[PDB]
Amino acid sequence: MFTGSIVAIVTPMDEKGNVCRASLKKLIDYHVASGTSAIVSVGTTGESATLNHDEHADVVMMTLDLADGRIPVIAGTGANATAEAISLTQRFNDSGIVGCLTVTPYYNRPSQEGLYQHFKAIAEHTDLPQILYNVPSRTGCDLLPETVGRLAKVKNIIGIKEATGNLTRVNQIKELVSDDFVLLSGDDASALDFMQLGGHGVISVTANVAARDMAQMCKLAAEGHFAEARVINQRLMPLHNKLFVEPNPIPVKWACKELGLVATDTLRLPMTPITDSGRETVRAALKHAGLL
């Protein structure tokens, strides 16, 4: 649903740069097999920026079809224009999607008031649960805990993906929102720490290629078995880091291909192919995790 290991799934593409169904089907089966709790479709790692609105909707609907009720699917619906965010969201109303992941507007650097009005308006145009998403390093914008508190009062604003890697945010937000508001890490390297502080899970890039370990680690964390969970975290830490050796999702797409999970590691410009050095780095990280 909205806890545990949630995969920020890649959009696998053929050499032409269009979604590859066979690869998408292989990935989804793998997540179902591995115990992944849910899939985020066409979020950041799914190359949301470079899919047009129709292409974006198609990938989400295809993911939902292929999941075939076996695993929940959350749609990426973020946009930096409120009217676009509303349109994208309306696309998935009454679709089978369990919720939306919606990022703070990027580039235009809205005020906290603007963030409030943006997300409130979006929530008002849907019955679907909304997970806010803060990632200042990508957006130029930082959704502060006070504003998260203000927004958590909206009935269908139910959680946040917190990707700052600033762990003080966990308890700053938790103090301002109801006990059923969900706190999800958006930073693999700090996600276990985030859970140890009271977070409920992670929207993970690492989970694309270590789905079983990620699921197990989040289960252990949820049970309060943090020392056990850390053994797994330490095995995965090189992946947590080196999957960003080059811009995400360049490394994780290559890793998927290397593991036979997808047919090609093709991306859309301005993402470009992994370097030879990046290949060796990511391979060593996979070896360390015992995946290769």
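Residue indices: 1-based, along the sequence shown.
Engineer: Please work out which of 158 to 166 and 175 to 183 has the higher mean CA B-factor as recorded in the PDB entry.
Structural biologist: Result: 175 to 183.
Engineer: Would you determine, from the values in the PDB entry, which of 113 to 121 and 92 to 100 has the greater average C-alpha temperature factor?
Structural biologist: Stretch with the greater average CA B-factor: 92 to 100.
Engineer: Between 284, 269, 9, 19, which one tops the list for C-alpha B-factor in the PDB entry?
Structural biologist: Answer for 284, 269, 9, 19: 284, with the highest C-alpha B-factor.
Engineer: Would you mind finding, among 203, 79, 132, 221, the residue with the largest C-alpha temperature factor in the entry?
Structural biologist: Each of 203, 79, 132, 221 was compared by C-alpha B-factor; the highest is 221.
Engineer: Taking the C-alpha B-factors as the PDB entry records them, is residue 208 in the lowest, middle or highest third of its chain?
Structural biologist: For residue 208, the deposited C-alpha B-factor lands in the lowest third.
Engineer: Lowest, middle or highest third: which one holds residue 56 when the chain's residues are ordered by CA B-factor from the entry?
Structural biologist: Tercile = lowest for this residue's CA B-factor.
Engineer: Considering every modelled residue of the chain and its Cα B-factor in the PDB entry, is residue 34 in the lowest, middle or highest third?
Structural biologist: Its C-alpha B-factor belongs to the highest third of this chain's values.
Engineer: Mind checking which third residue 126 falls in for C-alpha B-factor across the chain?
Structural biologist: As the PDB entry reports it, the C-alpha B-factor of residue 126 lands in the highest third of its chain.
Engineer: Taking only the Cα B-factors deposited for this chain, tell me whether residue 243 sits in the lowest, middle or highest third.
Structural biologist: It belongs to the middle third of the chain when residues are ordered by C-alpha B-factor.
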